[PDB]
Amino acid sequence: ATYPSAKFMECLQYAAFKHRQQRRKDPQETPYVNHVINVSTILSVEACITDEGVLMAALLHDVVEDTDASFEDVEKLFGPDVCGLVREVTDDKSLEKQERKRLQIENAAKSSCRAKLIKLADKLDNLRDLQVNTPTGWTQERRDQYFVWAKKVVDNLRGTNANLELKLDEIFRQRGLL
């Protein structure tokens, strides 16, 4: 006898709203909200996660970073409990495109068990979507480099979820990175 709370729906609704104009960079140009959901869903379904603070955190694992939202909006809306994990998985968009990816490999291990979960999911889902389907106007080379970078981050996040990481490795095995 389970069920999401009113806070979780107000969060799902929020991410949906706040990303309303953002789209995933694919041929179809599918809504970006799908991503965040795929990410939050991976943890629920695949990672069998039963804690909303993580499921809502994942729903917002790109708002304060790709939207015009702030940790405060999240804070005054969903509390510090989740403002923490959303901050723990948000990049400093004041740093150059590359400096953030390089920093993602370093700060990886230092993260928390809960934040590592989101980080792995964010990766897994992105990869699943990158296999075969190449981003809009994306160099075929660049398409590979992501895989290289993704694994480097995923390698410093290990020890978190056996199942998520497993599936991740299955994506690197096929491609030929391990």
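Residue indices: 1-based, along the sequence shown.
**Student:** Name the higher of the two by mean Cα B-factor in the PDB entry, 44-52 versus 25-33.
**Tutor:** Per the PDB record, 25-33.
**Student:** State which stretch shows the higher mean Cα B factor in the entry: 8-16 or 166-174.
**Tutor:** The stretch with the larger mean CA B-factor is 166-174.
**Student:** Which of these, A115, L59, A109, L124, has its C-alpha atom at the highest B-factor, as the entry lists it?
**Tutor:** Most elevated C-alpha B-factor of the set, per the entry: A109.
**Student:** Taking the values exactly as deposited, rank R128 by C-alpha B-factor within its chain and report the matching third: lowest, middle or highest.
**Tutor:** Within its chain, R128 is a middle-third residue by C-alpha B-factor, going by the deposited values.
**Student:** Taking only the Cα B-factors deposited for this chain, tell me whether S70 sits in the lowest, middle or highest third.
**Tutor:** Middle third by C-alpha B-factor.
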